[PDB]
Every structure is written in C-alpha cells, then in structure tokens.
There are 2 protein chains.
Amino acid sequence: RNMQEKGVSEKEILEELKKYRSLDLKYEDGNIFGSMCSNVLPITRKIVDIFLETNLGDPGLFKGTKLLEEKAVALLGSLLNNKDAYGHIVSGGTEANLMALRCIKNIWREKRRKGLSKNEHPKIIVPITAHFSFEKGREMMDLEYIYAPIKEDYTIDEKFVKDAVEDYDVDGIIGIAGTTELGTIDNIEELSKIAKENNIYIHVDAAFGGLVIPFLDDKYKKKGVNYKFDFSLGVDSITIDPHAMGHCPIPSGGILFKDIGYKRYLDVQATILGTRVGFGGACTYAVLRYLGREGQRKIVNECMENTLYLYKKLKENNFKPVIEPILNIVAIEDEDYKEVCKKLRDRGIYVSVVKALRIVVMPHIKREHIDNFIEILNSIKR
Amino acid sequence: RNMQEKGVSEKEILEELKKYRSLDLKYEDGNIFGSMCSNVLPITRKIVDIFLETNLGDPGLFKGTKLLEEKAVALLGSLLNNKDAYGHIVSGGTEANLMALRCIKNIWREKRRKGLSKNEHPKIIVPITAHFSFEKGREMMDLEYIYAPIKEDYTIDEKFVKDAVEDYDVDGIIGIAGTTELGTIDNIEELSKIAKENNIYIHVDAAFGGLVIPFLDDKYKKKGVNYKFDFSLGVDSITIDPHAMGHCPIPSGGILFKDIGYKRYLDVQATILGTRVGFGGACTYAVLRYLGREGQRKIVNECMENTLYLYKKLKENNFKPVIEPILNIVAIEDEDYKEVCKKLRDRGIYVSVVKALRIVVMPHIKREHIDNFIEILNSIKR
Ligand SMILES: Cc1ncc(COP(=O)(O)O)c(CN[C@@H](Cc2ccc(O)cc2)C(=O)O)c1O
Ligand SMILES: Cc1ncc(COP(=O)(O)O)c(CN[C@@H](Cc2ccc(O)cc2)C(=O)O)c1O
C-alpha cells in the first residue's frame, strides 16, 4: 500500500477497517483459549474516550489524570497490603518487570561505585518459569542470571535459592505469583525471608496472579500451597497488571515499589516510556472502584468454577492435566501437542503451547465453550 | 484511597472521573503551548473503540489488526521512500529509539563474538541535542556515547563525526530530523555518506519531523537547510511517530528499518513491549488514508503559517527567537526563562523550557492563542 495524494471518505476507511477487524478473533466468540487478556469491562470504553487526549508523560498538563494514576496505584497498593506504595500504571507487565530490573541494577551500581560489590554485572536469581520479559531485560541490561530450578510442583526450589545466596553475592531474587505456563505460586514467604535476612532485593511477578490470588474463595485454595505474596511479606516490588485479570484496556500494567525511597533508583521520569496513556490509570481506578472486592471476587471465582469444570471434564475424558489448577489456568499433557494445537486451530480452537496445551480460563470462557472444546479434542483424538 | 468491599454505580464513578478530567488542561483551550501531542483526528475515536480488544502481542489471534499494522508501516515506508521497510507501530518514539539502539548493539555483539570489534561496549555518536530516550537507552544497555557538538545553527557538526569515525571504531551514528528543543534538521545526507563509506549503522530520529518535513510548502523551506532525511539516503532506520504530528492517539510510535534483514538483530517478538495495543496501527493507516498527502499538507502548512506568524509577532514586540523556525517550533531567548515560565503558568499559558521558552505550534494553536500569548508575555515584561 502506497501513500496517496487524495484522501478518502470516513465511510470508505471505516468499512475497510471493519473488514480487517472481521478477520480477527473476538474474545466473546468461544475461539480464544490461550490468552491472559479478555473483554474489557464495558464502562472502560467511556473512560478511554474521556481520557484519550491525555499524556502521563507530561503530567503537569493533566493534573487530574495524574492524580488518578496515583489513586489507581494506591488502590492496588491497598489490595497488596501497602498504603504507602510508590508506583506507576505503565504499559504492561513487561515494562513493569523491566523497571524492577532497572531498580535492582541501579542499587547494584551504587554498591559497585562504593566498592561494595565484586560482581561486574548484577547477579539475579530467576526461576526457569519466569516470563520472557525477564529475558528481554537480561539481554538489554547485561544482567547475569542464576536460573533457579523448580520442584515437582513446578514452583521455585527455595533451598537452591538459599544455598546460592550463601555461595554467591546476589543482587536480586525473582519470585512468581502466578506463573505464565501453569499458574503456580512460588513460596514468596520463604523467598522473602531469605531476601530480608541477606539484604537482597526481591521482586514478585504477580502480573497475572496479583488480581486473582487476593480474591480466591476458600474451596479453590489447596492444602500446602502458600498464597501469601504481597507487601505483608516485606517484598521490594510487585508487578500486577490490570489489563490481564483487571478487565482494563491495553495498555494497563502495574509496578509497585515498597515505598518512595525506590524512586531515586529509577532516575537516569521513572517510566521507560515517555509519552504514555492516561486512560490506563483512570480505568484501573474506576474498575476497582466500580467492582469493589465483591465484584472482582465474583468474576475470579466464576473463572475458577469454570477452570475446575474443565479440569473435571478433562479427567472424565482420560486426559492428563499437568497439575490440579491453582489459578484459572489448566494445561493438558500431550506428546503431539504441536500438531494437536494446529488441528484445534483448524477447527476454531486457539490454545497456546512443557509438552502440553495451555488453557487460560478468562471471563470470556463459559461452560458451553469448554464443552465445545472437549468435543473437538475428543474428535481429534479419534 | 483504599480498596472497598462494595462497588459503586457507573454514575458515581464516571462523575468522579469527570471531576478529575476537569482539573486537566485540554489541547483545544489555548493553554498548552509546549506539547508535541495535540487533539486526535476525530475519526480515531471510533477506530480505538473498534480495535480496543485487540493485542498485537498475540497477532495470531488478530490477523486483521496485524495486517493493518503491516499496512501502516508500509504507508510510512512509502512516505519515507522505502516500499520494503520492515517495522512496527510501537508505543512511541522512546520504544522506537530503544529498538534502534538494540539493533545497533546486537550488530556490535555479533562482531564482538567473531573478534571483529575492540569495543567492550557499542560506541555510538550522538548529538548533544538528542532526545532523553537516548539517555534511557545508554543507561539501560550500557552503551558508550561519543557526544557530538552542534554548530552555530544548532545542527550536528558533520566534520566532528567524520573525524571521530576515522579516529575511533564506531558502531552507530544518530542524526535528528527535527530536534526536540528547536526543530532543526541534522545534515543526514552527509552523515549517511560517512556512515555508508565506513560501514556504520545510522539511525534517524524523525519522531516529530518525519510527519512534517515531507509536507512542507516551499515558502517555509530555507536556503542552505537540507531537508533530505529518509531512506532515499540509504539510512538504516527511522523513528517516526503518528501520535505526534500524525494526529493519532497515544500509543502510536513508529520504527522502520531499511529491510527485513534487520529483524534478526531484534531477536532476544521484536518489540520491547509484549502485550500491546492494536489500535495504533489501525489509526496510523486510517489517518494517512483519510487525509492523503493533501490533507496532511494542509495541516502541516497551517501550523507553519501560525509558526511564522508567532515569529513575526515576537520580533515586532522586541523578543529574540533563538532561530528562524525550521519546523513548527519556536523558542524565545530569555535569561529569566524559569521565572517567566512560572509567571506564564500562573496566567494560564503553559510553555516548555537553552535559556529559552519553547513553543510547539501544534494544530490546536490558532492565531487567537498566539495573540493572547503575546499580550500576556508583554504584560509579564511590564
Ligand atoms: C507472569 C507474567 N509476567 C509478565 C508478563 C508480561 O505482561 P505484558 O504481556 O502485559 O507485558 C506476562 C504475560 N503473560 C502473557 C501475555 C499474553 C496475553 C494475551 C495473549 O493472547 C498472549 C500473551 C503471556 O506472555 O503468555 C506474564 O504472564
Ligand atoms: C525527537 C524526539 N525523539 C523521540 C521522542 C520520544 O517520543 P515519545 O515521547 O513518543 O516516546 C521525542 C519526544 N518529544 C516530546 C514528547 C512530549 C510530548 C508531549 C508533551 O506535552 C511533552 C513531551 C518531548 O520529550 O518534548 C522527540 O522529540
């Protein structure tokens, strides 16, 4: 397509764009099974329109939108047991994780300048289940990762972390509250004890789980799983994303630090982006206020009901889930997962791909879609 | 503000948000004089709504939105004289510049792995007029910058660059097509010759100027200024941002590489962000199609008419512009610029702050606002 001298009418360009949108899948149609995003809360469409022409890169021009970012951060902080959190509503969990990594690296830099570190690059303990944003950060910022192995329950091996912190000079620890692949929860309580006893920064990636775990009804909690992950454990920062299980429009990611003392280690404006949306903070604040805990609890446990329904139907049909679900994520063991995924795609079922098919039971996934999924999968298996 | 158990009604939360929005400035009100963002083209509000629930981080689910990103990149490429450009509609000029820096660094890494570079970190020539995103990149990616001085016309000293490339092993050159502070245009033609003759990557930052320079009427072009900046000069990449002078909603930044061969140097998904908006590509494609060159020409040269009106009125009132404007940016020499800026702010005029006040004559700035500005400034000066 080449740039043209003459413009076209609104009707022409809107009809063209609608033809392309018709090629997309839509969350509400029973096709998308592998996404950690879903339909936005309908009220957010009005909020996006109100705040479209704001820019939190120049907050002096948009004092009210800036106050709403602060209020959104405060509500997330309150949810995470910290009324003094310092943070931002950023572009997503990637930027949030990258900012935590920047903070870790600048704490190390200060030590390095004072002769208080023998590491030529920050050394950070990262579980092998970490999201790919951590690899982007390693690659960009020249970080040294010590990859921590996982246990049979797919959570980080805390004894490895403890041993590594004794053997090596460590600049940071990462724990995950809701892994991307399986929805498992690292033992943040133990990791935070190790971190505190050794004066090591600890970041919790709760991009997905941060807006699920605090709302789980007791019947979905498992004996021997610890669900504690937030600032009550004294962690240094938490990633938590409204555009995942907060029903907010992209871009709405969250990064919270324990207090304002961390801001100075984000100096080079604290965000990676410059010009940036104002509607994310507005939507985050408004959705949490509109729903309250009661409304988010309802949505979370509706997803969990459908998750456990899917788990049951899978076993009934002789499929092997990787684990009993912890959050609203189920994975199905399959040796031919790559080909099965393509056969599912050919029949209108888009899962993600551990030698397993991964299903994220977001609010758009209803019982009828799970039944449909099981029928197609059964047929594929002959 | 604390998280509450009970939710609130839509009317309550919308009225609260509207009270905060009322504390913001609005572009159309004659207050904002220092922003490189402005009012969006009204059609984009419909496009945002259509594409709100898309995600270019998972383009396999949104094939049409992904095609629209490709078409948006193709139209920008065509505008920049390259029908084969490889690129993305990203979150802004910051992410675009960071991706160019990542590419430069990974070309260096490959050399380093083969023993073909004596530099322990990429060495990049950057003019002192570079936008702050280049400092974010330096700080994150451990780049070594050789800062190039500027000439009396505030453009990069090409002889310094040539000499430095002879004296040192250089991994990249940055040229700016529309500086943030003054709107000047580096001699990209000469920089590209140096770069080509020495096999050095060259990136052009046209975040602002890329959607102005191609549309300038001849009466605004100055003798002795070279306006050539695009892929006709053989440069490696160009940043160009629709949410600046493309009238598209944030986030709509642009990064274009000369061809698909650069994609492999963005390997670690090529964007920094993961989950990311689909409406930026839709809006970028649709605005350029809706306006055509004729419609963008009209807007650009309307801004330039108002820029030269402001320049004239300033001189008539014995104020000293830093330079005769090149793009739709004027700066006013003032020793007490900091205090004058605060006095302007107190009277409803928000400029930015070179010991000068900076005015960006975006489409929302009309003659009446310039007249109002001059009266207030005169009064402030007594
Ligand atoms: C634990 C965790 N941390 C960080 C991130 C990064 O967040 P952003 O994508 O907001 O930057 C993700 C993303 N999780 C999903 C994101 C996603 C969403 C929708 C999709 O259709 C596909 C993928 C994933 O990579 O699987 C995540 O799972
Ligand atoms: C040449 C140049 N390159 C890159 C960027 C970064 O682009 P993003 O801000 O899209 O990441 C800018 C931003 N120029 C403006 C951005 C801006 C816009 C509106 C404002 O109110 C204030 C600032 C500046 O920093 O001045 C720029 O001027």
Side-chain angles (χ1 to χ4, degrees), chain A residues 25 27 32-38 55 57-62 90-98 129-134 136 176-180 183 204-210 239-244 250-254 269 271-276 329 350 352 358 360 362, chain B residues 25 27 32-38 55 57-62 90-98 129-134 136 176-180 183 204-210 239-244 250-254 269 271-276 329 350 352 358 360 362:
Chain A
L25 308 177
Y27 294 115
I32 297 173
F33 285 75
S35 169
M36 287 181 148
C37 297
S38 181
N55 167 24
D58 205 350
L61 307 181
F62 307 101
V90 292
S91 62
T94 298
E95 182 175 13
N97 284 341
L98 291 176
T129 46
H131 182 260
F132 184 63
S133 48
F134 286 98
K136 295 183 174 172
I176 309 168
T179 60
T180 307
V204 180
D205 186 354
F208 188 82
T239 293
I240 176 168
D241 296 339
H243 68 209
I250 304 160
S252 299
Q269 204 170 74
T271 56
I272 295 177
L273 302 196
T275 301
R276 66 180 173 107
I329 297 172
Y350 298 74
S352 64
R358 169 180 170 276
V360 187
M362 296 295 292
Chain B
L25 308 177
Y27 294 115
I32 297 173
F33 285 75
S35 169
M36 287 181 148
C37 297
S38 181
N55 167 24
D58 205 350
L61 307 181
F62 307 101
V90 292
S91 62
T94 298
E95 182 175 13
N97 284 341
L98 291 176
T129 46
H131 182 260
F132 184 63
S133 48
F134 286 98
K136 295 183 174 172
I176 309 168
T179 60
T180 307
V204 180
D205 186 354
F208 188 82
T239 293
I240 176 168
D241 296 339
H243 68 209
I250 304 160
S252 299
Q269 204 170 74
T271 56
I272 295 177
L273 302 196
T275 301
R276 66 180 173 107
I329 297 172
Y350 298 74
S352 64
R358 169 180 170 276
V360 187
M362 296 295 292

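By convention in this document, chain letters (A, B, ...) are assigned in the order of the sequence lines, proteins followed by strands, and residues within each chain are numbered from 1. One-based numbering, in listed order, for ligands and for the atoms of each. Note: hydrogens, waters and symmetry copies are ignored here, and every other heavy atom, side chains too, is used.
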Ligand 2 versus [X]: contacting region, heavy-atom distance under 4.0 Å:
X	value
B/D241	side chain
B/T94	both
B/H243	side chain
B/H131	side chain
B/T239	neither
A/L273	neither

Would you say A/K136 touches ligand 1, if touching means a heavy atom closer than 4.0 Å?
no
Out of A/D58, B/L25, B/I329, B/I240, the nearest non-hydrogen contact to atom 20 (C) of ligand 2 is supplied by A/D58
With nothing but distance in play, are any N or O atoms of B/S35 less than 3.5 Å from an N or O of ligand 2?
yes
Under 4.0 Å, heavy atoms only, figure out whether ligand 1 is touched by the backbone of A/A207, its side chain, both or neither.
side chain
Look only at interatomic distance and state if [X] has a nitrogen or oxygen under 3.5 Å from any nitrogen or oxygen of ligand 1.
X	result
A/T179	no
A/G93	yes
A/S133	no

Less than 4.5 Å apart, any side-chain heavy atom of B/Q269 and any of A/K136?
yes
Please report the closest heavy-atom contact between A/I272 and A/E95, naming both atoms and the distance.
N-OE2, 2.9 Å
Does B/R358 have a non-hydrogen atom less than 4.0 Å from ligand 2?
yes
Which ligand 1 atoms, with their elements, are less than 4.0 angstrom from a heavy-atom of A/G92?
10 (O), 11 (O)
Atom indices of ligand 1, in the order listed, that fall short of 4.0 Å to a heavy atom of A/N97
3 (N), 4 (C)
Against heavy atoms of A/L61, which atoms of ligand 2 measure under 4.0 Å?
21 (O)
Check each atom of ligand 2 against the heavy atoms of B/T180 and keep those under 4.0 Å away; list them by number with element.
1 (C), 2 (C), 24 (C), 26 (O), 27 (C), 28 (O)
Going by atom types only, do A/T239 and A/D205 share a side-chain donor-acceptor pair under 3.5 Å?
no
